[PDB]
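# Remarks on the overall topology
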Amino acid sequence: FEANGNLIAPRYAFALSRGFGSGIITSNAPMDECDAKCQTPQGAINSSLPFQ
Amino acid sequence: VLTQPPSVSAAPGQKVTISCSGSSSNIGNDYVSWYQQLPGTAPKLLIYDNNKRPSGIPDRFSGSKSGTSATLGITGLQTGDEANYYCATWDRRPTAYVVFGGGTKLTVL
Amino acid sequence: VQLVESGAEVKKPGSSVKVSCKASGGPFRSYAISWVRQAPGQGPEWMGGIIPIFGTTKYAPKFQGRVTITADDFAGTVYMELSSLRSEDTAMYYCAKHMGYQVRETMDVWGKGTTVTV
Ligand SMILES: *[C@@H]1O[C@H](CO)[C@@H](O)[C@H](O)[C@H]1NC(C)=O
């Protein structure tokens, strides 16, 4: 970085670690203490059926 | 219930017959099956359909049933043929259920 | 076909325990499934079985009233629940499979077994 004015300097950085099976979803549901294998913006699913 | 002798013993290479006497409701009107149980393992099916053998069972094992009493015969005894033997049948009169025999210990010398 | 039971359990008298058996292959089976138990120093005792498609369940007069057998087909699992445990319920349990869709005296495949202590 080089500057003579108007700089908002960095202070903290992040060292990233990657993985599969994650994302960002938007929801209004509350958080509970359950455990599941599938999550949707409306609620969790505990099933082995081939369709939904 | 099915009654068997509690213990039978014989020398290696001999022939042993294990019996079992039920009644006309259990054995006299249904088939008999024979299972073997080694220590520390689940029972293994030996004879079904009263004379038939599953795949992998040697020819030295045989079974028969006359009237009320069934018999399991083993020839060419080895050291590894010492275990528990059970006769099972499908009792059916008031409420049908599977009934096993009392069991017989085969000791080799 | 391989049958795998759940883990061992340590329970208190008067409680209830549920165990599960999982079978390899397709989720839907064409054979019945039975539950057997054996106490140390004793012989096997037949508890009850369940039939595919029809869904009929059969129990033994000794165990009738206290045991419940259910199945879940899309995951290929069979559950057995026992209640009102006593000191004589300590035994090793197996799930066994039949050749046909009917519950008979001939079972050809057995599981490893799991121990229930009270
Ligand atoms: C889903 O099923 C598992 C399997 O036992 C269970 O542990 C979990 O609590 C269940 N979650 C919900 C939300 O039903």
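Residue and element names in this part refer to chain A. As a matter of local geometry, the ligand sits amid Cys34, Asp35 and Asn46. Between the ligand and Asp35 there is a distance of 2.9 Å, counted from a nitrogen atom to a backbone nitrogen or oxygen. A total of 360 Å² of accessible area belongs to the ligand in isolation, and the protein chains cover 34% of it.

The next point concerns empty space enclosed by the protein. Residues and elements named next belong to chain C. Within this model, the largest cavity holds a volume of roughly 100 Å³. In terms of lining residues, the largest cavity is bounded by 15 residues, among which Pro27, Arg29, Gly76, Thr77 and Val78 are the most central. Listed by contribution, the elements that provide at least two residues to the lining of the largest cavity are β3 (17-23), β7 (67-72) and β8 (77-82). Counting residues per element, the lining of the largest cavity draws most heavily on β3, at three residues. Of the residues assigned to the lining of the largest cavity, the class counts are seven nonpolar, four polar and four charged.

Quick look at the pairing of strand β9 (residues 104-108) of chain B now. All names here are of chain B. The two faces of β9 differ: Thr104, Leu106 and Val108 on one face are buried, but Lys105 and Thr107 on the other face are not. As defined by bridge partners, strand β1 (residues 7-10) adjoins β9 across four bridges and the pair is classed as parallel. When the sheet's bridge partners are listed, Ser9 is paired in β9 with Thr107. As judged from the two bridges shared by strand β7 (residues 84-91) and β9, these two strands associate in the antiparallel manner. Across the sheet, the residue bridging to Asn84 is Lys105, located in β9.

Moving on, we come to the interface of chain B and chain C. Contact with chain B, which involves 19 residues of that partner, is made by 16 residues of chain C. With both chains or domains summed, chain B and chain C bury close to 1,600 Å², and 66% of this area falls on carbon and sulfur atoms. Considering only the side of chain B, the residues that lose the most area to chain C are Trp90, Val98 and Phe100 of chain B, jointly responsible for 34% of the buried surface there. Summed over the shared surface of chain B and chain C, the result is zero salt bridges. For the pair chain B and chain C, the interface holds four residue pairs in polar contact. Counting residues per element, the ones that place at least two in the side of chain B that touches chain C are β3 (32-37), β7 and β8 (97-100) of chain B. Class assignment of the residues belonging to the side of chain B that touches chain C gives a composition of 13 nonpolar, five polar and one charged.

So, on to the pairing of strand β6 (residues 69-75) of chain B. Residue and element names in this part refer to chain B. The two faces of β6 differ: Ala70, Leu72 and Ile74 on one face are buried, but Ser69, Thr71, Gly73 and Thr75 on the other face are not. Across four bridges, the pairing between strand β2 (residues 15-18) and β6 is antiparallel. Opposite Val16, over in β6, you have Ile74 as the bridge partner. Two strands pair when backbone bridges link them, and strand β5 (residues 61-66) and β6 are joined in this way by six bridges, in the antiparallel orientation. Counterpart to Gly63 in the pairing with β6 is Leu72. The hairpin formed by β5 and β6 contains two residues between the paired strands, and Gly67 there has a positive phi angle of roughly 60°.

Once that is clear, we can look at the environment of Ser87 of chain C. Relative to the helices and strands, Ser87 of chain C resides in the loop between β8 and β9 (91-98). C-alpha of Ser87 of chain C to C-alpha of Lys97 of chain C: the two residues are ten residues apart in sequence and 28 Å apart in space.

For the rest of this paragraph, the subject is the layout of surface pockets. By volume, the largest pocket amounts to about 350 Å³. Grouping the amino acids of the lining of the largest pocket by side-chain chemistry returns nine nonpolar, six polar and three charged.

Residues and elements named next belong to chain C. Residue placement: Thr114 occurs in strand β11 (residues 114-117). For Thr114, the side chain forms a polar contact with the main-chain oxygen of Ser6, separated by 3.3 Å. Of the polar contacts made by the side chain of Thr114, one reaches the backbone oxygen of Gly7; its length is 3.0 Å. Each residue touching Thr114, except ones within four places of it in the same chain, is listed here: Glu5, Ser6, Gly7, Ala8, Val19, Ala91, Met92 and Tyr93.

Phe100 of chain B together with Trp35, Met47, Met80, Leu82, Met107 and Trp110 of chain C are the most contacted members of the largest nonpolar core, which has 38 residues in total. In contact with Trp110 of chain C, other than residues within four places in its own chain, are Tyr35, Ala42, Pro43 and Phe100 of chain B together with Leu3, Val36, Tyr94, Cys95 and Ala96 of chain C. Counting 20 residues, the second-largest nonpolar core is a separate cluster that includes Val16, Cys20, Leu77 and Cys87 of chain B.

So, about the state of the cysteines. Overall, the coordinates contain one disulfide over all chains when judged by the stated rule. Sulfur-sulfur distance for the disulfide between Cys21 of chain C and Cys95 of chain C comes to 2.0 Å. Negative torsions about the S-S bond denote left-handed disulfides, and the value of about 70° found for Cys21 of chain C with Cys95 of chain C makes this one right-handed. Placement of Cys21 of chain C in strand β3 and of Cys95 of chain C in strand β9 is noted, with a sequence separation of 74 residues between them. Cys34 of chain A carries a free sulfur, and the closest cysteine sulfur to it, the one in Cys38 of chain A, is 14 Å from it.

About the cut-offs
Residues numbered from 1 in each chain as written, not as in the entry; some residues may be left out. Chains lettered and ligands numbered in written order. Part of a larger assembly, values for the part shown. Heavy atoms only, no water. Residues with missing side-chain atoms left out of burial classes, pairs and counts. Near = heavy atom within 4 Å. Polar contact = N/O pair within 3.5 Å; in protein donor to acceptor, adjacent residues only side chain to side chain. Areas by Shrake-Rupley, 256 points an atom, 1.4 Å probe, with all protein chains shown as cover. 1 Å grid on protein atoms, 1.4 Å probe; cavity = no way out; pocket = protein on both sides within 12 Å on 5 of 7 lines; lining within 4 Å. Points joined across faces, edges and corners; volume = space filled by probe spheres on them. Helix = DSSP H or I, 4+ residues; strand = E, 2+ residues; numbered from the N terminus. Nonpolar A, V, L, I, M, F, W, Y, C, P; charged D, E, K, R; others polar. Buried < 20%, exposed > 50% of the residue type's maximum accessible area, 1.4 Å probe, protein only. Pairing = 2+ DSSP bridges. Contact = heavy atoms within 4.5 Å. Buried area = accessible area lost by both parts, 1.4 Å probe. Salt bridge = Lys/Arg side-chain N within 4 Å of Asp/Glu carboxyl O. Core = buried A, V, L, I, M, F, W, Y, C linked by side-chain atoms within 4.5 Å. Disulfide = S-S within 2.5 Å.

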